[PDB]
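There are 2 protein chains.
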Amino acid sequence: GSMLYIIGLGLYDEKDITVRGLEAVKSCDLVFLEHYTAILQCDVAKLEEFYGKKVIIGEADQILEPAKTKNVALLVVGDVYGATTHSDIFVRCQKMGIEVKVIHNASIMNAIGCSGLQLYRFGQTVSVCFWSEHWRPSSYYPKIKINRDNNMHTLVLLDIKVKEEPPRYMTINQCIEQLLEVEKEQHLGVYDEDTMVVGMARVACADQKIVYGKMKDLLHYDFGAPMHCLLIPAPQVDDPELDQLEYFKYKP
Amino acid sequence: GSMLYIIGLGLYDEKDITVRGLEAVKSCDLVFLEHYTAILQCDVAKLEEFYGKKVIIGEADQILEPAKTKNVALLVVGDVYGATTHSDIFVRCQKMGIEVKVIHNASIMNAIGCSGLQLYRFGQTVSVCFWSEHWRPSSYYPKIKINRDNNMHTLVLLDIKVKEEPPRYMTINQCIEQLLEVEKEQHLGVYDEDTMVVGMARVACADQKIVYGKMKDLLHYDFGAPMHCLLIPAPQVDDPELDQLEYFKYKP
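Quick look at the structure:
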């Protein structure tokens, strides 16, 4: 019978899909890509003949209405839950009596392990947003304070805007700028200019870039194309963690 | 030239490897499985003709000495970093001048998202160990306190012993028992008998089992074969999170 397949594509290119994921794609009558998938390092035409199927790039009932009768696949960058954006889909499916099958893959949340920081030591994940006129939210700030006061690392996820018009990805540079301005305005002493942090670009991709250095140094560092994120280590870093970070130390 | 490939297999069966991962396996001269991989729901002979290669089941220089000259693959359950057990390998490789290539896959750390709990709200991850005579460690306990005092969820990873002789996996039952005994002995009021928690067995497998209920009720619940883990929600759970958990509510 009918089924909605939500399938994690991994983080880099078309080869990061699982065998299971490739099989569901191939069994499905319709295959949708979350637009966010344009960030993957493949092009759509090559992807289509890698699947042997036509793919649809995408509010939308165009995915769920067919799913009421046919096997439909939705393809998302990373991991279904790892992304956590896809929570409204589950609810909409429940509301409409559609069975959902999740196929898991790599997530930025585990992948950042390549920094050398221990993943068990990560506290809660925070999001930095694009500021706009009077809208200058800094809700993440007190949560970073909690992570640091309690000796946990922080993963800082950065914003992704679509609307005007091409998608604008927040950079590590703009992220550090905003964090420095919030500390200046709120002065709780959570981090500063000289705090050693980890800028990460294109995690789990071939041209992955990782730099460990001061906020003031990473502020002006060129990290290249998105996706970017930031790691703010706990105030104490284990020697084995420091030994790995040192490989990415900033110069000159 | 030579290369050590560390490849995440995913969480369920042979079909959870990525396409990239399958390609590296096939390009490698030698393929090793971490013994921990016996938990996967496939058998070795079927796996071998799925790869078209012979596989070696495994302290050990047998993996790295060849890697000094040949492309060698090490296969691990889940994600390389997601597991975090594999930190000593990286160091040993550094010591010996071996280039390492990580291939990412699903991890229990993202996969537990199927509970309905928001992954950004997870604090630090904790491990419960098998108690032995006078060795009764409870280091995880104060860390659970921090997560809960600061309104974060906890992932509780359970122990896996090998030595005497077949591998003994800790159950949710034995986990809850120990947690209840530690609270009785330490009485900081972190959780109790009536605290609603999430028992999870075989995450991301076809016979995945998820139960949401009281510690006293889950203590005697039969969860089946390993792997097991426990989720201890923050003291406040969002309505949308509660709506998902309710699907797994315990009866009768």
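First to last, the sequence lines map onto chains A and A'. A prime marks a further copy of an entry chain.
Numbered according to the entry's author numbering, the first sequence spans residues -1 to 56, 64 to 169, 183 to 270.
Numbered according to the entry's author numbering, the second sequence spans residues -1 to 56, 64 to 169, 183 to 270.
Note that beta-carbon positions come from the ideal geometry of N, C-alpha and C, so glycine has one too.
is_contact[residue i, chain A] using C-beta, thresh 8 Å
i         : result
A'/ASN155 : yes
A'/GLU104 : no
A'/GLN226 : no
A'/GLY87  : yes
A'/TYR34  : no
A'/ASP84  : yes
A'/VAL255 : no
A'/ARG220 : no
A'/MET114 : yes
A'/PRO258 : yes
A'/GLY8   : yes
Cβ-based neighbour list, residue i, same chain, cut-off 6 Å, excluding 5 preceding and 5 following
i         : result
A/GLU32   : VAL81
A'/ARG186 : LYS166
A/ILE103  : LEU2, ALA72
A/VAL216  : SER120, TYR230, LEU249
A'/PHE30  : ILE54, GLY56, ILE68, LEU79
A/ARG220  : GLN226
A/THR130  : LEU160
A/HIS158  : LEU122, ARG126, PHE127, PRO251, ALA252
A'/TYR34  : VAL82
Closest by C-alpha distance to residue i, when choosing among the options
i         : options                                    : result
A/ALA78   : A/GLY87, A/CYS26, A/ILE94, A/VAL221        : A/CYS26
A/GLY87   : A'/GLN254, A'/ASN115, A'/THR189            : A'/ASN115
A/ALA36   : A/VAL17, A/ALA65, A/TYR49, A/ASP11         : A/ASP11
A/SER112  : A/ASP66, A/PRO258, A/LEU160, A/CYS193      : A/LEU160
A/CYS98   : A/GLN123, A/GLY19, A/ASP66                 : A/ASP66
A'/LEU7   : A'/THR130, A'/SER0, A'/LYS75, A'/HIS109    : A'/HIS109
A/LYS269  : A/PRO244, A/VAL255, A/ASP240               : A/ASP240
A'/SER143 : A'/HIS158, A'/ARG126, A'/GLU199, A'/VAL42  : A'/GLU199
A'/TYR49  : A/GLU203, A/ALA43, A/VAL17                 : A/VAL17
A/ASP164  : A/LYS75, A/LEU122, A/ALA224, A/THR90       : A/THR90
A/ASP212  : A/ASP14, A/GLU46, A/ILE194                 : A/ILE194
A'/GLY83  : A'/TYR125, A'/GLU64, A'/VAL42, A'/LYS13    : A'/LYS13
A'/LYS75  : A'/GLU203, A'/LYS44, A'/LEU206, A'/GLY(-1) : A'/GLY(-1)
A/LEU162  : A/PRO184, A/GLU183, A/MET188               : A/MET188
A/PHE266  : A/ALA224, A/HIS139, A/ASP257, A/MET218     : A/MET218
A'/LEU9   : A'/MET245, A'/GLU183, A'/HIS158            : A'/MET245
A/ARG141  : A/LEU45, A/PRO184, A/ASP261, A/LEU197      : A/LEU197
A'/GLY242 : A'/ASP41, A'/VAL255, A'/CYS223             : A'/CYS223
Close-in-space but distant-in-sequence residues of the same chain around residue i (CB under 7 Å, 5 per side omitted)
i                      : result
A'/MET101              : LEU69, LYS73
A/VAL107               : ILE4, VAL85
A'/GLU201              : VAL208, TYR209, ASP210
residue 61 of chain A' : Within the gap of chain A', which runs from 56 to 64, lies residue 61 of chain A', and it has no coordinates in the structure.
CB contact below 8 Å: residue i versus chain A'
i                      : result
A/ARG186               : no
A/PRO142               : no
A/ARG18                : yes
residue 182 of chain A : Between 169 and 183, chain A has no modelled residues, and residue 182 of chain A is one of the positions in that gap.
A/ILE151               : yes
A/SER92                : yes
Chain-ordered chain A contacts of residue i [CB-CB under 8 Å]
i       : result
A'/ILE5 : Within 8 Å Cβ-Cβ: nothing; A'/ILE5 doesn't reach chain A, min ~11 Å.
Residues of its chain near residue i, where Cβ-Cβ distance is below 8 Å and the 5 sequence neighbours each way are ignored
i         : result
A/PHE95   : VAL105
A'/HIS238 : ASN191
Proximal residues of chain A', C-beta to C-beta of residue i below 7 Å
i        : result
A/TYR146 : Simply none; closest approach about 15 Å.
A/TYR125 : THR89, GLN129, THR130
A/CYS119 : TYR86, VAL107
Residues that residue i contacts on chain A', provided the C-beta gap is smaller than 8 Å
i       : result
A/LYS13 : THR16, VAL17, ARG18, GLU21
Would you say the segment 43 to 54 of chain A touches the segment 7 to 27 of chain A, given that touching needs at least three Cβ pairs under 8 Å?
-> Touching, per the Cβ criterion.
Do the segment 245 to 263 of chain A' and the segment 143 to 159 of chain A' meet, that is, are 3 or more Cβ pairs less than 8 Å apart?
-> Between the segment 245 to 263 of chain A' and the segment 143 to 159 of chain A' there are three or more inter-stretch CB-CB distances shorter than 8 Å, so the stretches are counted as touching.
Do the segment 130 to 142 of chain A' and the segment 229 to 240 of chain A' make contact, defined as three or more Cβ pairs closer than 8 Å?
-> The answer is no - the segment 229 to 240 of chain A' does not touch the segment 130 to 142 of chain A', with fewer than three Cβ pairs under 8 Å.
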